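Here you'll find one protein chain in two forms, each presented separately as C-alpha cells under the names structure 1 and structure 2.
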Structure 1
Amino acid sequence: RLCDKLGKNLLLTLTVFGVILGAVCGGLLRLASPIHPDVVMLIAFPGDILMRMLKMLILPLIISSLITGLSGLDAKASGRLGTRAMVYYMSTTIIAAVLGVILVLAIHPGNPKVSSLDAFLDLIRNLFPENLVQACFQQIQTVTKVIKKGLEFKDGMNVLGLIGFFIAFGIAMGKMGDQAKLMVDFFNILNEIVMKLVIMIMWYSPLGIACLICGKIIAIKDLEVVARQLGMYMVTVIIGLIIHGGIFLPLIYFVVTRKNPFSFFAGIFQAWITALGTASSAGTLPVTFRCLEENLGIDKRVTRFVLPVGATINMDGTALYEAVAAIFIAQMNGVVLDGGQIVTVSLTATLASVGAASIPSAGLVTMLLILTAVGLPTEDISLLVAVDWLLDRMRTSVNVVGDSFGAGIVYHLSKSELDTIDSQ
C-alpha cells in the first residue's frame, strides 16, 4: 500500500527523504564538537555541485525560452480576446511581485538575524548592455571614487540586459513571420535539449538538497533565531498571498467588471479547494473549467482560451513567493539591497514566475536566476526547500484564483464582440 503512494511521485518522495536525512544528520553532527570548517566544506559539497549545475543552465534557459515563447507561442490569431488576456497577466503578476517586495521590506523577516539616483542609473545602464558577451558575466557599477564618478565592471551575470535583448530578439523574429522558421525551429530544439538537461540534473537534486541541509544545520550559530526567521518568512508569504488573492484581485474585478467578486468566489470555491488539494494548476484545470462554465456562465471561448494559457503563464502567488524569498535571503545574509536591485528582483520574479511551469522542474533554476540577478550568495536555498512544502498549496490556490479572475475580466471586456460574432 505504501508503494502505491510513494512510487507515483518518486522525485518528490526522494527529495523529502533527502531533506529528512540531511536534517537528522545535521542535528547529529551538531550534537558533536565544533566541526572543522573543511569537513563542513566536504559535507556541503554536493549541494555546491547542484547549485553550479543549475547556474550553468540558467543562461541557456533565458537565451532560448524567451525566444521560443515570444516567437513561437505568441500567436495573435486569437485576436483582441488574446491580448485582453495577455495584458492582464503581465499586469497582475507585477502587482503580485511588487506587493511581495513591499511586504518583505516592511516586515524584514531575516533582518534581525551609493546613492539611489546612481543605483537607478546603474539599473538602466545594465538594462542596455553595451556588450553582449560581457553581459553574460559582468554588470556595470557606478563608483564615486572621491568626487569624479566613474563606471567600473562588477562581477555577476547581467540577467536584466540579456532578458531585454532577447525579448527584443524574439519580438523581431515573431515579426518576421515564416521567413525565420529555420531559426525558430533551431531555438525550439535547443530549448527542448536544455529542458531535458534540467530534468536530468533535477534527478540529482535529492542528494544535493540533503547535503545543503546538512551543511546549513551545522553552520548556524543558534536555531533559536533561524527558526524565527523561517517562521516570519512563512508569515510574510502567507500575508502576501492573502492580500493579493482576497483584496487585490477582488478590487480589480470590482473596478473593471463592476460585478460582486464575492459571488465569483462562491462560484470558484470548488476550484480553489481542488487547487489547494492538488497543488497543481494543470491538474486543477478541469475543475476550474467546469466551475467557470456551469456556475458563472461565462462564454465558452473566453474560458477555453484563458484557462489553458493562464494555468501556465499566469502564476501570481509564485511571483510573490519568489520575490519574498529572494529579498529574505538578501536580508538574512545581511546584504542590504539598493533601489537598483529591488527593481531587478521585482522584475526577475515576474520573468521567472512566467517560466516556473512553462519549463517543468525549473523552480530551483528560477530561484537561482533571481538570486544571481541581484548578486546574492546562492547557498541559502536549503532553508527555503526545508519549508517549501506548506506554501506550495497556498501559492497554487492563488494562481488558480488569479486565472479565474482573469477569465472573468476578459469575458466582461469582450462580451459585446463575442455577442456580435455569435449574432451572425
Structure 2
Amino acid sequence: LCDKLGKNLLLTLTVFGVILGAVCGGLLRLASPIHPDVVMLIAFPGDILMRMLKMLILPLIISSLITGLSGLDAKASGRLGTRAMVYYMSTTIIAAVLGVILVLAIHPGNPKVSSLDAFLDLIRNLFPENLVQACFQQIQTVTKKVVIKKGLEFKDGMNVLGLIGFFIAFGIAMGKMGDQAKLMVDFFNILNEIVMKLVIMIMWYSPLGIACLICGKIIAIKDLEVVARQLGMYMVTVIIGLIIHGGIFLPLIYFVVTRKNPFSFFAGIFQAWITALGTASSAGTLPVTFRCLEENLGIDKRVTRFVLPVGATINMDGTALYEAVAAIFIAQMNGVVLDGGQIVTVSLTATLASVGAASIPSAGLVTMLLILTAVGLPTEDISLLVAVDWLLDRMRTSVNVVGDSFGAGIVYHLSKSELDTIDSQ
C-alpha cells in the first residue's frame, strides 16, 4: 500500500481530500443553522485555489496560443499535416456542438435582450477595441427606456474570446515570420514553461482547496437529493454525448470519407480503446494505438506516426464534449440562462480548452476555468464535477483515442495516392 499510495502522491492526496471534504461537510450538515461567515471561512482555501488558478489563465492563454501556433512545422508536415489539422478541428467542433445540444435538451440543473444584439455583441467582443481593457472587460448591448435607446456598456469580466482571437492572429503572423521572430518564440516558450511550473505548484495545493470547496458546497446546498439527481443526470448527459459522438458521428464520418466499414475499423482499435478506458490517459495509450493501427489495420507508418502523437494532445473529442456539457451544467445549476452569444462562446472555448488540456488524467477540469470565466459563471461549482470526474475521464479518453484512430484512418485514405507516389519514387 505504501507503494500504492506513494506512486501517485498527487492522486492520493486529491482523492483523500475529496473524501475528507465530503465527510466533513456531511458531519457539519448536522448543525442545520450555520453562520454565513463560518461557511465563508470553511470555503476560503477553496477561494484561494480558485483565485490562483484564475490568476494564470491570461498568461496561459497568451503563451500557449503563441507557442502552439508557432511550433506547428506546417511546411515540414505537408498536406498530410493540413488534413490531420482540419480533421482535428472539425471533430472537436462537432463534439462541442453535440454536447451543447445535449445539455440544452436534457437540461440537468434546471430542476434545481434581442438575439440579434447578443450575436452582434459576440462579434464585437471577438474584436476588442483595446487589449488591456479586453483583459478584464467585455462590451455588451444595453437597452433602457427614454423608439428605444440602445448603447454599448462595458461589463466586467475577462474577454476570453477577444484575447484568443487576437493572439491566434498574433501567433499565426509570428509563425509566418519564419526564422525571424525566433527570439520572440523563445521568449514565449520560456514564459509558457514558467507558467506551467506555477500551475503545477498550484496543483500541489489543489487537495486542500478542493477539500474545502467540497465541504462548503455540501454544507451550503439545501437538499442533497436534488444535487445528487442533478449530478446523476449530468453524468448521463456526458455518457450519452460520448456514446453518440464516438459511436455514430465518428463512424459515420469515416464511412462517408472512406467508403469502408467503420466497425471493421473498431476491432483494430479495440485494444487501444480498452487501454484508454483503463489508463485514463491518452498519451499513455499511444504506443498501444500505434501497434494496433499499424498491425491490425495496416495503416502506413508515415501517416500514423504523424497523426497519433499530435492528436494525442490536440485532438480530444471527448474532453471537448465534456467541457461544453459541464459548462452549461454549471450555468444551469445556478439558474443562469445563457444567451446565444454565451452558447457560442461555450462552444468555441470548449474547442480551445480541449486543445490545451494535456493528456494527463483530470486536466479538463483545470481547462474548464477558461470556459467558466469566458461566460462569467461561478467557478466554485467545479468541485461538484470533481466529485465524479474520474468515471467520466475514463470514457473521455476512450472517446478521444477513438477519435485519434479514426483520424489516422481517414488521413491515410485521403493520402493513399501521395504515399503511393512517394514509395514509387
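Residue 1 is the first residue of structure 1, and the numbers go on in sequence order from there. We call the rigid core whatever largest set of C-alpha positions still superposes within 1.5 Å between the two forms. Residues that one form lacks are left out of the comparison.
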>> Which residue of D155, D74, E192, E152 is the mover here, meaning its C-alpha shifts by 2 Å or more between structures 1 and 2 once both are aligned on the rigid core?
In response: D74
>> After a rigid core superposition, would you say the CA of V365 moves by 2 angstroms or more between structures 1 and 2, or not?
In response: yes
> Can you give the C-alpha shift of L99 between structures 1 and 2 in Å, rounded to one decimal, after superposing the rigid core?
Replying inline: 0.4
>> Give the rigid core superposed Cα shift of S33 between structures 1 and 2, in Å, rounded to one decimal.
In response: 3.3
> Fitted on the core, where are the consecutive stretches (at least 3 residues) whose C-alpha atoms all shift 2 Å or more between structures 1 and 2?
Replying inline: 73 to 76, 358 to 365
